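Chemist: Quick one: this structure, given as structure tokens, is what I'll be asking you about.
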Amino acid sequence: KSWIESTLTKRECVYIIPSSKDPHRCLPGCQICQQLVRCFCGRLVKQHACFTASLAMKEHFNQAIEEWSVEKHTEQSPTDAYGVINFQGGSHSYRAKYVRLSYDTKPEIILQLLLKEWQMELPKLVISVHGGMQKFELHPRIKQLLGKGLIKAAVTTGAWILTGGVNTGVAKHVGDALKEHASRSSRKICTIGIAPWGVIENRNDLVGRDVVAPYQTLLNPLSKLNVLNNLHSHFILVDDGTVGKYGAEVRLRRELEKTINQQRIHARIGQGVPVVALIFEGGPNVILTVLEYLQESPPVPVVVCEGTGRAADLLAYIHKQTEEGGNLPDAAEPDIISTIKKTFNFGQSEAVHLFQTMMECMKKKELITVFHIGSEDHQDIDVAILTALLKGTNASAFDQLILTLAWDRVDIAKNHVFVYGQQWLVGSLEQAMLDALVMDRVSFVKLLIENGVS
């Protein structure tokens with residue numbers, strides 16, 4: 001009778017079409033074995049709950065009727081997996097909420113899952129951390145900088161950190177940041193992990209309506225699948241019926257970022273909630289993700305952290321050696337590709353196609369912000385995340401002060417908005433103090449009095 005029980009759905013295979021070889025027909029092929037078939041469902045037979053598991057399961061060799069779809073061969077039914085993921089380990093008991101969500105869930109129902117059911121406050125910033133998905137490592141000089149810098153931007157602003165949530169990617173290094181640093185105001189940080197329901201180790205230990213589910217974080221059963229992270233506060237487990245596959249999380253994460261960007265950041269303030277991307281290691285698929293962010297509808301600025309590994313060093317290596325309009329000086333094109341040959345070993349064709357993807361990223365160089373870790377003076381990633389939202393978007397100078405006014409952060413406004421050259425018009429500074437008085441932003445009233453407001 002609750003809201004989650006009446007609205008959200010789970011998905012399961014009902015129409016077994018195997019991916020295997022028959023001894024003669026329609027059925028086994030290791031031995032008889034009575035188990036070892038492999039549906040496009042992804043599970044096997046005897047896993048399809050009690051019914052839809054029988055003989056005459058779909059020369060022929062399971063072809064021409066294959067046509068597998070999670071749209072045309074899957075059954076919707078209400079969710080049986082919401083509650084609490086009290087983690088057994090790491091003496092501070094970390095409570096975390098979760099739900100099993102369908103991939104076809106409407107993007108506004110997901111928003112009233114977060115803002116109404118889970119009673120989360122509307123964020124003032126959304127940080128989407130992308131990068132590696134293969135348990136990479138970090139230089140400890142880099143890790144103590146990115147840890148201190150990411151968590152500062154989520155406390156000073158009221159921010160949501162969207163990770164993959166699973167402990168075999170960049171969600172671990174966000175989780176290590178939440179451990180090694182401030183746990184006093186970390187109750188105010190919402191770190192949402194949007195993962196598939198086919199990757200998680202102990203899914204069957206998360207089954208049940210509202211409950212405190214005991215859940216491991218260790219003991220590593222050959223690491224064939226992956227496990228949830230301890231230091232995420234909320235999990236959105238995306239189900240598309242299948243088991244052991246990746247991909248259902250991708251559209252539901254991005255359409256969440258669109259609808260939060262559509263929401264209004266404050267009652268007085270008339271702007272959308274800003275969304276920023278963060279790129280730790282990479283992979284060949286992250287270069288497509290960066291290019292996707294730059295070209296949709298007014299774009300998501302990306303923040304690339306060099307030194308952190310594989311593809312983020314490539315986007316920094318291009319950003320260094322190009323023209324402001326994104327033009328290599330016609331003599332470095334083999335010099336670029338041979339670096340891609342070493343990092344991403346595909347060879348001579350797909351590295352060329354990956355170079356054409358990076359050249360499309362360099363047309364919009366005003367939206368990409370590289371962070372040079374410790375060899376810099378423009379340090380403190382906290383600044384570099386927030387200043388990426390001001391430059392590149394081509395907003396008004398009034399609109400940059402007002403965005404920093406909501407964040408209650410004056411160091412961004414005093415050093416970057418109030419710079420020489422900014423042409424303030426008549427009623428912009430006067431209306432900004434009217435917002436600064438009502439919102440009880442005392443340090444902005446001090447800043448605008450020192451800039452010409454009576």
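Residue numbers start at 1 in each chain; chains themselves are named A, B, ... in the order of the structure tokens; ligands are numbered from 1 in the order shown.
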Show me, as an mmCIF file with N, CA, C and O atoms, in the first residue's frame, the residues that have an atom within 12 Å of range 29-33 of chain A when counting only C-alpha atoms, minus same-chain residues fewer than 4 positions from it.

Modeler:
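Dumped to part.cif:
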data_model
loop_
_atom_site.group_PDB
_atom_site.id
_atom_site.type_symbol
_atom_site.label_atom_id
_atom_site.label_comp_id
_atom_site.auth_asym_id
_atom_site.auth_seq_id
_atom_site.Cartn_x
_atom_site.Cartn_y
_atom_site.Cartn_z
ATOM 1 N N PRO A 18 17.914 -19.974 -26.007
ATOM 2 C CA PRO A 18 19.281 -20.241 -25.542
ATOM 3 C C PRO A 18 20.370 -19.736 -26.474
ATOM 4 O O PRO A 18 20.134 -19.497 -27.662
ATOM 5 N N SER A 19 21.577 -19.573 -25.931
ATOM 6 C CA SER A 19 22.782 -19.316 -26.718
ATOM 7 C C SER A 19 23.749 -20.463 -26.445
ATOM 8 O O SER A 19 24.635 -20.342 -25.595
ATOM 9 N N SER A 20 23.592 -21.559 -27.187
ATOM 10 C CA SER A 20 24.413 -22.751 -27.005
ATOM 11 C C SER A 20 24.315 -23.673 -28.211
ATOM 12 O O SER A 20 23.724 -23.311 -29.234
ATOM 13 N N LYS A 21 24.891 -24.865 -28.096
ATOM 14 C CA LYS A 21 24.833 -25.874 -29.139
ATOM 15 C C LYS A 21 24.173 -27.130 -28.589
ATOM 16 O O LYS A 21 24.536 -27.633 -27.524
ATOM 17 N N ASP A 22 23.207 -27.633 -29.339
ATOM 18 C CA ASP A 22 22.450 -28.827 -29.017
ATOM 19 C C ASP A 22 23.245 -30.068 -29.405
ATOM 20 O O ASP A 22 24.062 -30.028 -30.330
ATOM 21 N N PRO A 23 23.043 -31.196 -28.712
ATOM 22 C CA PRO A 23 23.630 -32.445 -29.209
ATOM 23 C C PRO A 23 22.960 -32.916 -30.477
ATOM 24 O O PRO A 23 23.658 -33.267 -31.436
ATOM 25 N N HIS A 24 21.628 -32.933 -30.521
ATOM 26 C CA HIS A 24 20.936 -32.983 -31.795
ATOM 27 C C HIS A 24 19.869 -31.894 -31.903
ATOM 28 O O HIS A 24 19.812 -31.197 -32.922
ATOM 29 N N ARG A 25 19.061 -31.689 -30.851
ATOM 30 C CA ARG A 25 17.911 -30.783 -30.934
ATOM 31 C C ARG A 25 17.504 -30.117 -29.618
ATOM 32 O O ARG A 25 17.364 -30.785 -28.588
ATOM 33 N N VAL A 37 22.359 -24.487 -19.985
ATOM 34 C CA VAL A 37 22.026 -23.687 -21.147
ATOM 35 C C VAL A 37 22.247 -22.233 -20.763
ATOM 36 O O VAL A 37 22.487 -21.903 -19.602
ATOM 37 N N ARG A 38 22.160 -21.360 -21.757
ATOM 38 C CA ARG A 38 22.422 -19.948 -21.512
ATOM 39 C C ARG A 38 21.421 -19.147 -22.327
ATOM 40 O O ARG A 38 21.593 -19.000 -23.540
ATOM 41 N N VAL A 45 18.313 -21.861 -17.235
ATOM 42 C CA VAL A 45 17.064 -22.466 -16.778
ATOM 43 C C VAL A 45 17.253 -22.957 -15.349
ATOM 44 O O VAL A 45 18.393 -23.078 -14.885
ATOM 45 N N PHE A 61 19.075 -24.845 -34.593
ATOM 46 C CA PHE A 61 20.092 -24.439 -33.607
ATOM 47 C C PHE A 61 19.789 -23.089 -32.958
ATOM 48 O O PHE A 61 20.694 -22.263 -32.798
#

Chemist: So that I can check the surroundings of residue 307 in chain A, please list as a PDB file with N, CA and C atoms, in the first residue's frame every protein, DNA and RNA residue that reaches within 12 Å of it, counting only C-alpha atoms and ignoring chain neighbours fewer than 4 positions away.

Modeler:
ATOM      1  N   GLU A 137      44.421   2.129  -9.942  1.00  0.00           N
ATOM      2  CA  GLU A 137      45.137   2.596  -8.764  1.00  0.00           C
ATOM      3  C   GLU A 137      45.446   4.076  -8.929  1.00  0.00           C
ATOM      4  N   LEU A 138      45.827   4.714  -7.823  1.00  0.00           N
ATOM      5  CA  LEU A 138      46.171   6.128  -7.825  1.00  0.00           C
ATOM      6  C   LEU A 138      47.443   6.380  -7.032  1.00  0.00           C
ATOM      7  N   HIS A 139      48.257   7.293  -7.543  1.00  0.00           N
ATOM      8  CA  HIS A 139      49.406   7.886  -6.874  1.00  0.00           C
ATOM      9  C   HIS A 139      48.893   8.610  -5.633  1.00  0.00           C
ATOM     10  N   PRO A 140      49.460   8.358  -4.444  1.00  0.00           N
ATOM     11  CA  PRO A 140      48.875   8.939  -3.218  1.00  0.00           C
ATOM     12  C   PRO A 140      48.987  10.452  -3.104  1.00  0.00           C
ATOM     13  N   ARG A 141      49.836  11.094  -3.902  1.00  0.00           N
ATOM     14  CA  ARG A 141      49.830  12.550  -3.967  1.00  0.00           C
ATOM     15  C   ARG A 141      48.546  13.030  -4.624  1.00  0.00           C
ATOM     16  N   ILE A 142      48.150  12.360  -5.701  1.00  0.00           N
ATOM     17  CA  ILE A 142      46.940  12.673  -6.453  1.00  0.00           C
ATOM     18  C   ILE A 142      45.694  12.346  -5.640  1.00  0.00           C
ATOM     19  N   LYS A 143      45.718  11.216  -4.930  1.00  0.00           N
ATOM     20  CA  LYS A 143      44.523  10.741  -4.236  1.00  0.00           C
ATOM     21  C   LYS A 143      44.160  11.620  -3.045  1.00  0.00           C
ATOM     22  N   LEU A 145      44.727  14.789  -2.942  1.00  0.00           N
ATOM     23  CA  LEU A 145      44.265  16.062  -3.485  1.00  0.00           C
ATOM     24  C   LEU A 145      42.829  15.960  -3.979  1.00  0.00           C
ATOM     25  N   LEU A 146      42.543  14.956  -4.814  1.00  0.00           N
ATOM     26  CA  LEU A 146      41.198  14.767  -5.344  1.00  0.00           C
ATOM     27  C   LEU A 146      40.195  14.405  -4.266  1.00  0.00           C
ATOM     28  N   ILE A 279      36.219  13.352 -14.632  1.00  0.00           N
ATOM     29  CA  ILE A 279      36.766  12.230 -15.390  1.00  0.00           C
ATOM     30  C   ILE A 279      38.044  11.719 -14.735  1.00  0.00           C
ATOM     31  N   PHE A 280      37.978  10.589 -14.027  1.00  0.00           N
ATOM     32  CA  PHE A 280      39.178  10.129 -13.335  1.00  0.00           C
ATOM     33  C   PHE A 280      40.131   9.302 -14.193  1.00  0.00           C
ATOM     34  N   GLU A 281      39.760   8.088 -14.594  1.00  0.00           N
ATOM     35  CA  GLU A 281      40.715   7.324 -15.389  1.00  0.00           C
ATOM     36  C   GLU A 281      40.338   7.343 -16.854  1.00  0.00           C
ATOM     37  N   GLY A 282      39.194   6.765 -17.163  1.00  0.00           N
ATOM     38  CA  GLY A 282      38.739   6.747 -18.526  1.00  0.00           C
ATOM     39  C   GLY A 282      38.554   5.346 -19.056  1.00  0.00           C
ATOM     40  N   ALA A 311      42.670   7.521 -19.832  1.00  0.00           N
ATOM     41  CA  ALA A 311      42.127   8.370 -20.890  1.00  0.00           C
ATOM     42  C   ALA A 311      42.034   9.824 -20.456  1.00  0.00           C
ATOM     43  N   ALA A 312      42.098  10.088 -19.153  1.00  0.00           N
ATOM     44  CA  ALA A 312      42.113  11.472 -18.700  1.00  0.00           C
ATOM     45  C   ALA A 312      43.441  12.136 -19.024  1.00  0.00           C
ATOM     46  N   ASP A 313      44.517  11.353 -19.094  1.00  0.00           N
ATOM     47  CA  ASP A 313      45.784  11.913 -19.543  1.00  0.00           C
ATOM     48  C   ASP A 313      45.760  12.204 -21.033  1.00  0.00           C
ATOM     49  N   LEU A 314      44.931  11.486 -21.791  1.00  0.00           N
ATOM     50  CA  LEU A 314      44.826  11.773 -23.217  1.00  0.00           C
ATOM     51  C   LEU A 314      44.084  13.072 -23.478  1.00  0.00           C
ATOM     52  N   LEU A 315      42.968  13.298 -22.779  1.00  0.00           N
ATOM     53  CA  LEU A 315      42.215  14.535 -22.975  1.00  0.00           C
ATOM     54  C   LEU A 315      42.994  15.745 -22.481  1.00  0.00           C
ATOM     55  N   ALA A 316      43.909  15.541 -21.537  1.00  0.00           N
ATOM     56  CA  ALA A 316      44.780  16.625 -21.108  1.00  0.00           C
ATOM     57  C   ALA A 316      45.930  16.821 -22.084  1.00  0.00           C
ATOM     58  N   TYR A 317      46.378  15.738 -22.724  1.00  0.00           N
ATOM     59  CA  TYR A 317      47.493  15.831 -23.657  1.00  0.00           C
ATOM     60  C   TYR A 317      47.065  16.480 -24.964  1.00  0.00           C
ATOM     61  N   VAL A 370      40.911  21.181 -17.521  1.00  0.00           N
ATOM     62  CA  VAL A 370      41.891  20.222 -17.033  1.00  0.00           C
ATOM     63  C   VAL A 370      42.389  20.682 -15.678  1.00  0.00           C
ATOM     64  N   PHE A 371      42.610  19.726 -14.782  1.00  0.00           N
ATOM     65  CA  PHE A 371      43.216  20.011 -13.489  1.00  0.00           C
ATOM     66  C   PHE A 371      44.595  19.363 -13.481  1.00  0.00           C
ATOM     67  N   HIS A 372      45.622  20.202 -13.501  1.00  0.00           N
ATOM     68  CA  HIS A 372      46.985  19.736 -13.316  1.00  0.00           C
ATOM     69  C   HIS A 372      47.213  19.484 -11.834  1.00  0.00           C
ATOM     70  N   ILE A 373      47.319  18.226 -11.420  1.00  0.00           N
ATOM     71  CA  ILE A 373      47.583  17.910 -10.017  1.00  0.00           C
ATOM     72  C   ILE A 373      49.053  18.255  -9.746  1.00  0.00           C
ATOM     73  N   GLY A 374      49.494  18.178  -8.491  1.00  0.00           N
ATOM     74  CA  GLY A 374      50.268  19.188  -7.785  1.00  0.00           C
ATOM     75  C   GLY A 374      51.143  20.200  -8.500  1.00  0.00           C
ATOM     76  N   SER A 375      51.683  19.889  -9.676  1.00  0.00           N
ATOM     77  CA  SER A 375      52.386  20.908 -10.445  1.00  0.00           C
ATOM     78  C   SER A 375      51.420  21.942 -11.022  1.00  0.00           C
TER      79      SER A 375
END

Chemist: Find the distance between CA of residue 397 in chain A and CA of residue 129 in chain A and write it in Å to one decimal.

Modeler: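 That distance, rounded to one decimal, is 27.7 Å.
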
Chemist: Given the choices A:289, A:415, A:348, A:454, which gets closest to residue 429 in chain A if the distance is worked out from only C-alpha atoms?

Modeler: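 Closest residue, counting only C-alpha atoms: A:454.
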
Chemist: I need the helix (DSSP H, G or I) residues of range 159-328 of chain A per DSSP on the backbone, written as a PyMOL selection string.

Modeler: chain A and resi 171-180+203-205+249-262+286-294+312-320

Chemist: Would you put the residues from that selection into a file with N, CA and C atoms, as a CSV table (one decimal), in the first residue's frame?

Modeler:
chain,number,residue,atom,x,y,z
A,171,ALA,N,33.7,4.6,-8.4
A,171,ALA,CA,32.9,4.8,-7.2
A,171,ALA,C,33.7,4.4,-5.9
A,172,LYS,N,34.7,3.6,-6.1
A,172,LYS,CA,35.6,3.2,-5.0
A,172,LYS,C,36.5,4.4,-4.6
A,173,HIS,N,37.0,5.1,-5.6
A,173,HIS,CA,37.9,6.3,-5.3
A,173,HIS,C,37.1,7.5,-4.8
A,174,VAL,N,35.8,7.6,-5.1
A,174,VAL,CA,34.9,8.5,-4.4
A,174,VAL,C,34.6,8.0,-3.0
A,175,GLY,N,34.4,6.7,-2.9
A,175,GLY,CA,34.2,6.1,-1.6
A,175,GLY,C,35.4,6.2,-0.7
A,176,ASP,N,36.6,6.1,-1.2
A,176,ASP,CA,37.8,6.3,-0.4
A,176,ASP,C,38.0,7.8,0.0
A,177,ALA,N,37.5,8.7,-0.8
A,177,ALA,CA,37.5,10.1,-0.5
A,177,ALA,C,36.6,10.4,0.7
A,178,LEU,N,35.4,9.8,0.7
A,178,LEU,CA,34.5,10.0,1.8
A,178,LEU,C,34.9,9.3,3.1
A,179,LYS,N,35.9,8.4,3.0
A,179,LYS,CA,36.5,7.7,4.2
A,179,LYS,C,37.6,8.5,4.8
A,180,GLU,N,38.6,8.8,3.9
A,180,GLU,CA,39.9,9.4,4.4
A,180,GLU,C,39.7,10.9,4.8
A,203,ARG,N,22.5,-9.8,-4.6
A,203,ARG,CA,21.2,-9.4,-5.0
A,203,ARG,C,20.1,-10.1,-4.2
A,204,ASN,N,20.2,-11.4,-4.1
A,204,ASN,CA,19.3,-12.3,-3.4
A,204,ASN,C,19.3,-12.0,-1.9
A,205,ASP,N,20.3,-11.4,-1.3
A,205,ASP,CA,20.3,-10.9,0.0
A,205,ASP,C,19.7,-9.5,0.2
A,249,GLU,N,22.0,1.1,-16.9
A,249,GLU,CA,22.1,2.2,-16.0
A,249,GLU,C,22.3,3.5,-16.7
A,250,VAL,N,22.6,3.5,-18.0
A,250,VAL,CA,23.2,4.6,-18.7
A,250,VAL,C,22.2,5.7,-19.0
A,251,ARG,N,21.0,5.2,-19.6
A,251,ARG,CA,20.0,6.2,-19.9
A,251,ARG,C,19.3,6.7,-18.7
A,252,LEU,N,19.2,5.9,-17.7
A,252,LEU,CA,18.5,6.3,-16.5
A,252,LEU,C,19.3,7.3,-15.6
A,253,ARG,N,20.6,7.2,-15.8
A,253,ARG,CA,21.5,8.1,-15.0
A,253,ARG,C,21.5,9.5,-15.7
A,254,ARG,N,21.5,9.5,-17.1
A,254,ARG,CA,21.6,10.8,-17.8
A,254,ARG,C,20.3,11.5,-17.8
A,255,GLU,N,19.2,10.8,-17.9
A,255,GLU,CA,17.9,11.5,-17.9
A,255,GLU,C,17.6,11.9,-16.4
A,256,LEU,N,18.2,11.4,-15.4
A,256,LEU,CA,18.1,11.9,-14.1
A,256,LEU,C,18.9,13.3,-14.0
A,257,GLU,N,20.0,13.4,-14.7
A,257,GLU,CA,20.8,14.6,-14.7
A,257,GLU,C,20.1,15.7,-15.5
A,258,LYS,N,19.3,15.3,-16.5
A,258,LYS,CA,18.5,16.3,-17.3
A,258,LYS,C,17.4,16.9,-16.4
A,259,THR,N,16.7,16.1,-15.7
A,259,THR,CA,15.5,16.6,-14.9
A,259,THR,C,15.9,17.4,-13.7
A,260,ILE,N,17.1,17.1,-13.1
A,260,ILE,CA,17.6,17.9,-12.0
A,260,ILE,C,18.0,19.2,-12.5
A,261,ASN,N,18.6,19.3,-13.7
A,261,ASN,CA,19.0,20.5,-14.4
A,261,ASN,C,17.8,21.3,-14.8
A,262,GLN,N,16.6,20.7,-15.0
A,262,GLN,CA,15.4,21.4,-15.3
A,262,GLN,C,14.8,22.0,-14.0
A,286,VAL,N,34.9,6.5,-22.5
A,286,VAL,CA,34.7,7.8,-21.8
A,286,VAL,C,34.9,9.0,-22.7
A,287,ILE,N,35.7,8.8,-23.8
A,287,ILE,CA,35.9,9.8,-24.7
A,287,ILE,C,34.6,10.1,-25.5
A,288,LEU,N,33.8,9.1,-25.7
A,288,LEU,CA,32.4,9.3,-26.3
A,288,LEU,C,31.5,9.9,-25.3
A,289,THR,N,31.7,9.6,-24.0
A,289,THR,CA,30.8,10.2,-23.0
A,289,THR,C,31.1,11.7,-22.8
A,290,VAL,N,32.4,12.1,-23.0
A,290,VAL,CA,32.7,13.5,-22.9
A,290,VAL,C,32.2,14.3,-24.1
A,291,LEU,N,32.3,13.7,-25.3
A,291,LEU,CA,31.7,14.3,-26.5
A,291,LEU,C,30.2,14.4,-26.4
A,292,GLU,N,29.6,13.5,-25.8
A,292,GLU,CA,28.1,13.5,-25.6
A,292,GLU,C,27.7,14.6,-24.7
A,293,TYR,N,28.4,14.9,-23.6
A,293,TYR,CA,28.1,16.0,-22.7
A,293,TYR,C,28.2,17.3,-23.3
A,294,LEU,N,29.1,17.5,-24.3
A,294,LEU,CA,29.4,18.8,-24.8
A,294,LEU,C,28.3,19.3,-25.9
A,312,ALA,N,42.1,10.1,-19.2
A,312,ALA,CA,42.1,11.5,-18.7
A,312,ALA,C,43.4,12.1,-19.0
A,313,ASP,N,44.5,11.4,-19.1
A,313,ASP,CA,45.8,11.9,-19.5
A,313,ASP,C,45.8,12.2,-21.0
A,314,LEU,N,44.9,11.5,-21.8
A,314,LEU,CA,44.8,11.8,-23.2
A,314,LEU,C,44.1,13.1,-23.5
A,315,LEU,N,43.0,13.3,-22.8
A,315,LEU,CA,42.2,14.5,-23.0
A,315,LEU,C,43.0,15.7,-22.5
A,316,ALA,N,43.9,15.5,-21.5
A,316,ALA,CA,44.8,16.6,-21.1
A,316,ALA,C,45.9,16.8,-22.1
A,317,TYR,N,46.4,15.7,-22.7
A,317,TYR,CA,47.5,15.8,-23.7
A,317,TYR,C,47.1,16.5,-25.0
A,318,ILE,N,45.8,16.4,-25.3
A,318,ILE,CA,45.3,17.1,-26.5
A,318,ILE,C,45.0,18.5,-26.1
A,319,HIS,N,44.5,18.8,-25.0
A,319,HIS,CA,44.1,20.1,-24.5
A,319,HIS,C,45.3,21.0,-24.4
A,320,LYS,N,46.5,20.4,-24.1
A,320,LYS,CA,47.7,21.2,-24.0
A,320,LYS,C,48.2,21.6,-25.4

Chemist: At most 10 Å is the cut-off: for each residue in range 344-405 of chain A with any atom that close to an atom of range 123-127 of chain A, write down the nearest atom pair and the distance in Å rounded to one decimal, counting only C-alpha atoms, chain first then increasing number, as JSON lines.

Modeler:
{"residue": "A:385", "atom": "CA", "partner": "A:127", "partner_atom": "CA", "distance": 8.7}
{"residue": "A:386", "atom": "CA", "partner": "A:125", "partner_atom": "CA", "distance": 9.0}
{"residue": "A:389", "atom": "CA", "partner": "A:125", "partner_atom": "CA", "distance": 9.8}
{"residue": "A:403", "atom": "CA", "partner": "A:124", "partner_atom": "CA", "distance": 9.1}

Chemist: So that I have them on file, write out the residues from the current selection with C-alpha atoms, as a CSV table (one decimal), in the first residue's frame.

Modeler:
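The file below, selection.csv, is the result:
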chain,number,residue,atom,x,y,z
A,385,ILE,CA,34.9,22.1,-10.3
A,386,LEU,CA,32.9,25.3,-9.4
A,389,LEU,CA,30.3,26.1,-14.4
A,403,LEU,CA,25.0,31.1,-9.0

Chemist: Would you please work out which residue, of A:73, A:299, A:89, A:131, is nearest to residue 218 in chain A when using only C-alpha atoms?

Modeler: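 Comparing A:73, A:299, A:89, A:131 against residue 218 in chain A, the winner is A:89.
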